[PDB]
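To begin, one chain is listed below as structure tokens, in the form solved without the ligand.
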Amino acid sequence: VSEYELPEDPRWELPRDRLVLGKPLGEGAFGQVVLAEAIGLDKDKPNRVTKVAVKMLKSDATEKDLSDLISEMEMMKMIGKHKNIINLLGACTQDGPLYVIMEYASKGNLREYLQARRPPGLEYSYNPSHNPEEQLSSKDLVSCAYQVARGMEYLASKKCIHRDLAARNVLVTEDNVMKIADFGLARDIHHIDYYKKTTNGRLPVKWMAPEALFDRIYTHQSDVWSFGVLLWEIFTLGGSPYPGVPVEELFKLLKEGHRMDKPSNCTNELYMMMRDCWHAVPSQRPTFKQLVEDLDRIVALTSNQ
């Protein structure tokens, strides 16, 4: 790593020995995220400990992988802070491997968070968690969507196109705050494999707008399409999109104006929002600003009983 000039930034630099490294949080090619305790992250509270997520490259990482990680870090700096995104907290760039320090979401990703809170009724697939948690009220689910819309509205205003908005990329903090993750990732410069499964075997094509899918055109409006799919994931408490539809087929279906059916427990108004997000013509989908305003009103009218 000493072969490279790493961008040191005194506003963000944290001495390596101020991090007590803990358990893995995840792993995906290059590279890995570990839980850590950071001593004196806030310079004015030097004896405070903060739980953080520490992102680093794998042992097999390449010059491009390092460039990607740096790029994510610099992008997060430029995008700035928001309550509903995974924020940058600091970095270790001198005396060892690049560490990018980010906010820690202790309750994991939204898909697994919702699946562990599935009640036993007819209205959801079965709860797969060995440690089931308290069911969420109706208000809570809409509020979940509100917060994600809020985060995306902020990101869109900073001219950040996410390109893979999905429940798996929303994280939940100890206080049940929704935080959009992986918004700063570098765009792959090689073409896409529409059948590649992620490191948890998810098929990303099921969240892509048709123009992203067929033409690789990504905009804020294709992100709005993804948000529609995420809304569907929410009101299925973590369901898998287009159940039983294989990829090669998804191409054809979307073309014919095929859309997912309304989840069993979903209001007509929330289902219309989904359908609006899945308008065939990008210019005709709502914007994140409209979505934030609509969902704000809907949260107020929705019951937590």
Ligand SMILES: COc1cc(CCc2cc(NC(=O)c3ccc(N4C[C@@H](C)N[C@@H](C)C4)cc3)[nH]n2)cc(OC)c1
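When you see a residue number, it is the position in the sequence shown, counting from 1.
Separately, the form deposited with the ligand bound exists; it is not shown, and the next lines address it.
Open site or blocked site for the ligand in this chain, with its pose taken in the deposited complex and fitted by superposition, and blocked meaning 3 or more ligand atoms within 2.4 Å of backbone or C-beta? The site is open here, because the ligand, transferred from its pose in the deposited complex, meets no backbone or C-beta atom within 2.4 Å.
Options 140-148, 119-127, 167-175, 222-230; stretch whose heavy atom lies within 4.5 Å of the ligand in the deposited complex: Going by heavy atoms within 4.5 Å, the stretch is 167-175.
The ligand contact in the deposited complex: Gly108, any heavy atom under 4.5 Å: Result yes; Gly108 sits at the interface with the ligand in the deposited complex.
Since only the chain is shown here, I'm wondering whether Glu112 would be in contact with the ligand in the deposited complex (any heavy atom pair within 4.5 Å). Yes.
Is there a heavy atom of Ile86 no more than 4.5 Å from a heavy atom of the ligand in the deposited complex? Although the ligand is absent here, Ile86 would touch it in the deposited complex, with heavy atoms inside 4.5 Å.
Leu237 within 4.5 Å of the ligand in the deposited complex, heavy atoms: Although the ligand is absent here, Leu237 would stay clear of it in the deposited complex, with no heavy atoms inside 4.5 Å.
Please identify the residue among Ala181, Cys92, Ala156, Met208 with any heavy atom within 4.5 Å of the ligand in the deposited complex. Contact with the ligand in the deposited complex is made by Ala181 alone.
Could you spot which one of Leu254, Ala53, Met274, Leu66 gets a heavy atom to within 4.5 Å of the ligand in the deposited complex? That would be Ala53.
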